[PDB]
Structures are given as structure tokens and as C-alpha cells.
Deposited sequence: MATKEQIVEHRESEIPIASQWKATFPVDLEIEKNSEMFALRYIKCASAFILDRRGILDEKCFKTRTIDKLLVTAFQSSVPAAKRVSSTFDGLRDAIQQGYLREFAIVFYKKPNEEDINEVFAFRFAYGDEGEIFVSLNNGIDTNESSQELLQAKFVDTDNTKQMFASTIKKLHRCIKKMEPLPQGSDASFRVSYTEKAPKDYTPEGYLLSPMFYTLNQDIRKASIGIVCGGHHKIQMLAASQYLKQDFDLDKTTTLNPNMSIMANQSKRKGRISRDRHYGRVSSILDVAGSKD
């Protein structure tokens, strides 16, 4: 339950910054899928880091292993600086474009100047990408605290969510950087012309940015269940687990 048991340190190294970025979104995802009951509690194992309870996929369960494996394609996508956004979307079967809830993870590699706020889809806003740009890596132990701070607000947020209405499903959806060939799709994902789109009336939320030396990962969220070019996809997590 040392931080090192889950994450690497010396995040100034690009290599270590890499591994951190993946495991971060893999951990958050595992938490998100658990607390919103996309999968059985049996699919997850839990360790405690200092203050915080952090979740992992339980590879002893084949259903968990199958879902856990979708991320292995993303790891390759991140080394090559291809992955821009990784988002978990919720919908009611089978209106896969009628989004009810989304947890989005947006990336920034080695202080890229700026990112085009695309405006017909996604959760990305002008103010969001500003914060992402301005956010700076300081040191590993500062990032440890940024993590702690961020993951905490993630728990608070889901705590205030109304239950996920049955007959719902979830999808992994990814959007790419300009460095990525027009034909790239990570292992386990399928090509799709559709990212995701959100209603205007929906309540959004900024959960926080965490930074490695060469990668900056911002978490944004939106949900009905609160009181106040070229894409990739995994259509149904429920189906993957079976």
C-alpha cells in the first residue's frame, strides 16, 4: 500500500511518466465502473494509498481480465503520443449516442502549445483546455498530492450521483492527436466515425489535472444523475465481460 506498489516514481523520466499516465486512467476507470455498478464488486480488488482507497481490476475473474485488457492497446497508443482523449460513456441500450453520463480523460504530451477545442462533440471546453495548458508538473511528491486531491473529488462527485438506471451500458471511446495516422486503431478497439455528444442542459464537472514530467492528464465529467474525423470505440463493456 506504498504509492510505489501501484505507481512508479521519478516521474521526470519520460518512461516513468508514461506508465503513470496509463495506470492512472486504468485505476480511475476501475473505480468508476465499480461505484456505478457496471460490473460486480467481485471484479475488483482494493488497496489503500495513504489516505485513499484506490481500485484495481481483479485478474482472477475472467470478466475483469477481459475488460482490464482493453487498456493494453491504449498503452501502445500513449507511447507514440497518439491518444488525446479516453472517455467512459454511459447510455441506455441501445441508443449508443444518447449519452447520459461521461467520465473523460484528456491528455497533453511534453508541453504541447495548445489544443483545438473541437466544438461539435466531446466534453472539451475553452476554459478546460486553458487549465490543462497552464497546469504544470512540479515534482513526483507534488503529483502524489494532486492525485490524492483529484481522486478525492472523484469520490465526492459519484457520492452525489443518483443510481445508474438499470438497462444501461458503458463504452470506451477515444479521440486522437494530429500525430496519429488516419488509420490508427488500438488493439481491442474498433474504428468509428463517432466520438460522443452531450446535451446542452447537462451539468458538467471538472475533477482535476495530474501531471507526470511529460504527460498531463485532466479529468472532466458530466451526468444527468446530479442534483446540482477519426475515432475509436469499445461498444459495450457489459458484452466484453461475457
Deposited positions without coordinates, collected into consecutive stretches in sequence order: 1-18, 247-276, 291-293
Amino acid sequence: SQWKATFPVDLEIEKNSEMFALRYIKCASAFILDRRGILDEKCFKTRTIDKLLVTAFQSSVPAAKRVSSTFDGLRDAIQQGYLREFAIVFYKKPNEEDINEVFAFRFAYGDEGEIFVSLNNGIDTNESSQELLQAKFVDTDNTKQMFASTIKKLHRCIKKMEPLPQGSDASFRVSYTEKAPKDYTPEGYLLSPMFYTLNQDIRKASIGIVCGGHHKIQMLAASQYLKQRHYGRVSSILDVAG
From here on, numbers count along this sequence of modelled residues.
Of 45-53 and 23-31, the one with larger mean CA B-factor: 45-53
Residue stretch of maximal mean CA temperature factor, 91-99 vs 113-121: 113-121
Which of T143, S171, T150, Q80 ranks first by CA B-factor in the deposited coordinates: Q80
CA B-factor placement of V67, once the chain's modelled residues are sorted into thirds: middle
Relative C-alpha B-factor of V61, binned into the chain's lowest, middle or highest third: highest
Lowest, middle or highest third - CA B-factor, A104: lowest
Chain third (lowest, middle, highest) by recorded CA B-factor, residue given as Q218: lowest
Cα B factor band for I209 (lowest, middle or highest third within the chain): lowest
